[PDB]
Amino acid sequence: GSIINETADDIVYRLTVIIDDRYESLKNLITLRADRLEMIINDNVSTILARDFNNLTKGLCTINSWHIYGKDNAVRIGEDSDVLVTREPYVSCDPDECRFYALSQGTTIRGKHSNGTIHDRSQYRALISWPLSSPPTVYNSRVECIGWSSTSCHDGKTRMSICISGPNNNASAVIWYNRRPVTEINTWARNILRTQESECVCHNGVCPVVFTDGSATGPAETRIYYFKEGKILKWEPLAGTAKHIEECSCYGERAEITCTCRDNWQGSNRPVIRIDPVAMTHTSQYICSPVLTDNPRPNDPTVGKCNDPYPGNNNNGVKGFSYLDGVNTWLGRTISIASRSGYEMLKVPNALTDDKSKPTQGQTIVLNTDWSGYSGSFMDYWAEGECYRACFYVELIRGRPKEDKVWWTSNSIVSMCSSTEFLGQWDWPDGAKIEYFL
């Protein structure tokens, strides 16, 4: 109703939206910068801290040949050195180190007490680990726990070891997490509770393990306890078509835990355990491949068996392993179908599934003239790269019953990892002259 009063409503409104935008610009920008810093700190502060469980994300690498990881020469050195009488060993890793493991027998090899160390079980045996390619010396070995029946594995945070000790009929296991005990299972069938004698594998903190309690030469009760933080999460009686289970050797990839055991009853074809470390579920069967990997065994047939035991040889065998990855599939055996000597790695594609598969390639590890034993799986789960480098060890057993002109029984170790190249093979024996030992 007059300019003198509408220009005043004009000078105000025209200066508001200025203020109102500038403020909005300052307002929102102070927000974004302060939201920037709050996230910076948080991350940089998270990063000052650490660790998580490991997940079986990657798959195996292509196996074209095997290369040498480690060797302890144990027996050689401790003809003149305080080196522990062990047997039944295996390799395992932690985020930032891999170490040997074995069941110490309580004496040094020269020690007199090393007499009669061929007995598997007593109050003097103990899961110890020690630095890769060092011996089980008196001064360098770390006792992980007491007894004569072990497994161990890291879950990505810390490690879990399980020792079984006791008389034949009254045995327990203790599950150490983070180096303290947590759980003790008691024998259920009271006839030599036993387990893996090689590393276990964990997906997101779940580490299953395979026990057997019962006849070594008949039906037994095997169980697939799933472990997290040493506590028991669940157990399943064994199911599937494996008819006996002993001394499994295990690996994992693409969130599946495949274990490759010994049939000590009628088997000469190895049983196999498939495990889902999430559902906490398992199936089982035997390697199909006609190519018999136990020990002793009949001679390779043309065609084998998937869901029954390969007959011929009963009440015996050796701990062995495989990597069953389709065609990238390699199996491991003694060379002999009689005794514990020689070792090879056979590419036998589709071994798990194909009851007529045969070898396309190989590599000798030990000649069929030098002595050997047990052998199992592991991988550097914390290695770099995009694939899991398949690796195995083999136990080279000197002493009774084979070279019985010494009174002891101990061993040494050889371990190897996959190569994607095709490498010249050597052979790898214990290296010790038994006669030096008299």
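Numbers for residues come from their place in the sequence shown, where the first is 1.
Q: Out of 139-147 and 285-293, which one has CA B-factors that are higher on average in the deposited record?
A: Comparing 139-147 with 285-293, the higher mean C-alpha B-factor belongs to 285-293.
Q: Going by the B-factors listed in the PDB entry, is the mean over the C-alpha atoms higher for 84-92 or for 324-332?
A: According to the entry, 324-332 carries the higher average C-alpha B-factor.
Q: Hey, out of 240, 317, 166, 218, whose CA B-factor is highest in the deposited coordinates?
A: Of the candidates given, the C-alpha B-factor peaks at 240.
Q: So among 50, 396, 390, 68, who wins on Cα B-factor in the entry?
A: The listed residue with the largest C-alpha B-factor is 50.
Q: Would the CA B-factor of residue 422 place it in the lowest, middle or highest third of its chain?
A: Tercile = middle for this residue's CA B-factor.
Q: Divide the modelled residues of the chain into thirds by Cα B-factor and specify which third, lowest, middle or highest, holds residue 213.
A: CA B-factor rank for residue 213: lowest third.
Q: By the recorded C-alpha temperature factor, relative to the other modelled residues in its chain, which third is residue 187 in?
A: For residue 187, whose C-alpha B-factor we compare with every modelled residue in the chain, the answer is the middle third.
Q: Compared with the other modelled residues in the chain, in which third is the CA B-factor of residue 246?
A: Highest third.
Q: Report the third (lowest, middle or highest) to which the CA temperature factor of residue 116 belongs, ranking only the modelled residues of the same chain.
A: It belongs to the highest third of the chain when residues are ordered by C-alpha B-factor.
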